[PDB]
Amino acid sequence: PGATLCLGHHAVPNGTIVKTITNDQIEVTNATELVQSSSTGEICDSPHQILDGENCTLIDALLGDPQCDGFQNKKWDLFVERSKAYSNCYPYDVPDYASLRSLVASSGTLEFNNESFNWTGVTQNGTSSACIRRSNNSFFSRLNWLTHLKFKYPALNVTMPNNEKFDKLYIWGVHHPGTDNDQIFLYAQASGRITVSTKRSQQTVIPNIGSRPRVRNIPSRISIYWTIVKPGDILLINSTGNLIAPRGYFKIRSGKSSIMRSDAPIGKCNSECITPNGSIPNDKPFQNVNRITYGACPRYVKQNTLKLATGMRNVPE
C-alpha cells in the first residue's frame, strides 16, 4: 500500500492584480498600495509651526497693513496664504514680488527692531484715508511717510550702520503721486529721486507722477524695494522727495521655513507632511495628491495606484 506525500503552497479566494516585467496582470495572494492618494482635508498644526495668514498675504504682514497687526514679530515653519486674502492699505506694487515673498518666507521670521533714523528737516508719520487703523487715518506700521516741514523738504542724507553679527533686511519704498499738485503738496518740489546704497550695491529709483486706474478709489501708487545690509556695512538713503522710509530692519535667518497657498482648515493634529489639499500620511513612498509639498513627504508621481506584491502568485483550485 505505502503512502503519498504532496508538497504545496497556499492560495486565497480574494486575489489582487499586480504588474510585472513580463505581464501587466498577474494575480497575487496579497499586495500593498505604494501611492498615497487621499487627505483628511486639514493642515495639521503639529509638528511644524503653522502660521495661518487668514486675510493677509505675507507681504501685507511684512509691510504692516492694518488688519495684519496680529502678525508682528511672529515666526513660522510654514506660512499659509489664503486665496480670499486682500490688501486694504495704500495701493502698492513690488518689482520682483515673488523674490521678496520667497526670501521672507524662507527666513521664517517677521522680527523687527526699530532704529532712530535722523529725519530732521521733514514731517514724519504721514497718513491717508485709504489705510484705516481703528477709524483713524494711518499707514504701513513698518514704513514712514515723510512730507515737508514748513513747505520745505531739504536734501536727505541719512546713514545707518550695521554693527551687528547678522544681516539686516531693510524694506522701503517710493511714492508715485497722482498729480503734479499732489507732488508739490506733499514734498514742496518737483519729483525727486531716491538713492539707497551700501558698500556693495546701489538702487536708484525715479518717481513717476501720473494717474493709474483707481484701486479702492486711489490713483497714486507706492513701489516697494528692499536692501540687505551685511555686518560692517552701512545703509545710506539719499533723497529729494517721495521717500517711504523704513522705521527699522527685519532679521533675516536661514532655516526650514517656507510658504504655501492653500484653503485647507488648520486642524489640531500631528502630521509630518503637508500639501495644499491637507496633510497626508507618509508611510507610503509615493503620492499623487499634490506636487506641492512641505515636510517629510512621499514623492509625487503621475500614477494613482502602484500595487507591490507582498505574496506569491495566487493559483486557485
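All residue numbers are counted from 1 along the displayed sequence.
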query: Residue range whose averaged C-alpha B-factor is higher in the record, 276 to 284 or 61 to 69; finding: 61 to 69
query: Between the two ranges 132 to 140 and 108 to 116, the one averaging a larger CA B factor in the entry; finding: 132 to 140
query: Options 164, 96, 77, 81 - largest CA temperature factor per the record; finding: 164
query: Residue with maximal Cα B-factor (values as given in the PDB entry) among 190, 224, 228, 100; finding: 190
query: For residue 253, the third of its chain into which the C-alpha B factor falls; finding: highest
